[PDB]
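Only one chain is shown below, in structure tokens, and it's the form solved without this ligand.
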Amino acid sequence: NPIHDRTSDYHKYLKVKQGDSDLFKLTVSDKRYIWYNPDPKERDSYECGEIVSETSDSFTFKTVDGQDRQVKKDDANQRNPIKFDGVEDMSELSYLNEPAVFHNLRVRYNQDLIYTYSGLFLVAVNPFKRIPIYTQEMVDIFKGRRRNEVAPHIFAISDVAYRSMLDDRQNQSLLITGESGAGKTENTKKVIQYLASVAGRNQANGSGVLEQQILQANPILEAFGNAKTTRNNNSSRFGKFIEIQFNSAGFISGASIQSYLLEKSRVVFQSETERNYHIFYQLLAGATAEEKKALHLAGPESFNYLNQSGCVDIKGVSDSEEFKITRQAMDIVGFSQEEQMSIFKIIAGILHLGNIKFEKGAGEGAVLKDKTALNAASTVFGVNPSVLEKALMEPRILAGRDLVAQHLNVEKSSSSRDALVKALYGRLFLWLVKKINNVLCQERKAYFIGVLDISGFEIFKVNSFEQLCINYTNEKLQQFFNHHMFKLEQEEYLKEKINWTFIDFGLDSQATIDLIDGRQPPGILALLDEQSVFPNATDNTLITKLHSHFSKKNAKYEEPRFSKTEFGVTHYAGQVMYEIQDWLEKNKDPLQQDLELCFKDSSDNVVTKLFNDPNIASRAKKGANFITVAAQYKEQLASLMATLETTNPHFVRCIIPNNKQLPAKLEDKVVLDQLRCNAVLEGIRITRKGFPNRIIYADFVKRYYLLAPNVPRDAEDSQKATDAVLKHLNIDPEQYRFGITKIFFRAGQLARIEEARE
């Protein structure tokens, strides 16, 4: 075991770097320290405070500056004994207060260790620097060992999830969730990879066929789904749910993927300094004049879906060659030659529909002084150019009982084409998922290691509809970890030789989970999906009802004191104000109907299958006709949670270092404020509710029995032996609650013997 080998990098990389000695002749003082934040204002940003007299209430001070301010007995965030700093399970801690939490990891992150265990949650802060914790030799270690057995590292979360699958014979699920850019996909990508060797199908070391088939799906799910943004460069327009399929005899079979809402509108809008889908900025470089010609193409700047952005290039990124990498992960999936010209050549239309400009002069009606640019979409789509517009400008619309071709004004006209776009990108993203799925996921399935990555509720300036959705989730998945731990808090509840007094919770987050989704009495998507069908009433009247029902009667809600387009719900993180622009127009999500009418018929096997194959456009039944996008979401959701309500979960709370995207500095502002709102802290403050500090009971008796020369170094049954240092150091029965295998020395008075004397 390289762990023996001191030199073996794993010591310097993932471990605090155990020092030579293990005795009391080491880290030494005898006093007590408390965390104080010197400014009577700014909360975050604490500083070391010294204690002067542990009085009944008035805690005594000596500020780093040397002052004498005095806080109460119950608000002075005290500071953990140093024997501990940079310890793997934050649970081990005897004081869990925001500073005393941000400290134990500031330091470890500081020593180049990014991974620290906390209760269950593997917390990991994002480096931004390239670190060698991923080599095969790495794989080789965390293999077949216990969480405690070896280092805090992602590989552990899985090997564990892995053996587990085949020792209980139930499917499992890893959950990587947290702040944007915060890095889920970098680990989510390294776990699947661990799933590549420990259970790796390769007969001989490496991979065979399914492995790369499965391994180069990503380049794909990225060049089309992923965008650069303000908080990342590999930002994820959607979310995903990949499970890995094995047999009863220990090996991989096929696999899975489950995408959610794309940033479908980003296709047509790139805020300053943010780019459109990555594939767009590749197909224009990694090709030839037999490809630009093959599909009318000018340099990646002439397109008004790419320049309006304010940026194209990516510091340190061969967009040009980044394209090759993705064309091979196609070939491997058996992506055929005709199969790629079509995906792209079908993308290329979406570029052009952009260089098309709706002019206007027939009184008020848009027209086209230039047919050239359409001459391509009609061209590369292989549809009607005359109707393409003729269905564009004057579509037939049913007003009452009559079929009457209208003519949208200079504005509603272009706007309508702008719909024919997400349509290709949604349906096209969609078909790329169906396709992988087909060549990867088998039928005779057995166990699964479900990996889902999707975004924690992050709060922002405008919060359009799309988001009321992705908190709906982090409100649901948040309730889960809340509930699951309760049912597990019954177990150790059965065997300690005494079974504690029934404890209940229920999660008050339930009131809000209704506010959003409730049928009777109805909630946001309920009264929303009601007006989504009347095609006359508008936002103002809608943002007006969500105030009728709730303003002043429903606790978790806040009508805007002033704005008449806002409204505010309150989540597991707190208040959020939402917008009402097109909420109606989008749950509704329409598109003029002579378009599916005219596209349904094409020269393509992939242009046509998207408008003709209901496994693509249609939803399920209800309203009187095809259901609505928020309706779909609510049902498609529980299909998942009720798909974890049978497996063993595995959690990963991801944490970002700074919103500046730079390595080697930890904002004591950003980081500490991803902490307090997310349950990571919260699910262990709860279990502390008794004694947060719990241990294997092999250590304490070796960790402290000489300050009381009564219990030895090698006593065999401390069950009858470690006792002799309690009736001599003197810990009252309330002062702790031990166990018959493990122990948890008092919820509070523990350091009075842990940091001071032998």
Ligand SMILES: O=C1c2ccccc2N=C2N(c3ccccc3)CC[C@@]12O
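Note that residue numbering begins at 1 and tracks the sequence as displayed.
The form deposited with this ligand bound is left out here; the points below concern that form.
Only one segment in the set 670-678, 626-634, 291-299, 598-606 has residues whose heavy atoms sit within 4.5 Å of this ligand in the entry with it bound; it is 626-634. Put simply, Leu432 is far from this ligand in the entry with it bound: not one heavy atom of it is within 4.5 Å. This ligand in the entry with it bound comes within 4.5 Å of no heavy atom belonging to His650. Mapping the unseen interface onto this chain, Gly86 falls outside it, with no heavy atom inside 4.5 Å of this ligand in the entry with it bound. This ligand is not drawn, but in the entry with it bound it has a heavy atom within 4.5 Å of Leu262. This chain is displayed alone, yet in the entry with it bound one of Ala76, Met485, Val439, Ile470 has a heavy atom within 4.5 Å of this ligand; that residue is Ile470. Only one of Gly365, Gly239, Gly568, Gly382 lies close to this ligand in the entry with it bound, with a heavy atom inside 4.5 Å, and it is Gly239. Taking this ligand as it sits in the entry with it bound, the stretch 447-470 comes within 4.5 angstroms of it through a non-hydrogen atom at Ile454, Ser455, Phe465, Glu466, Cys469, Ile470.
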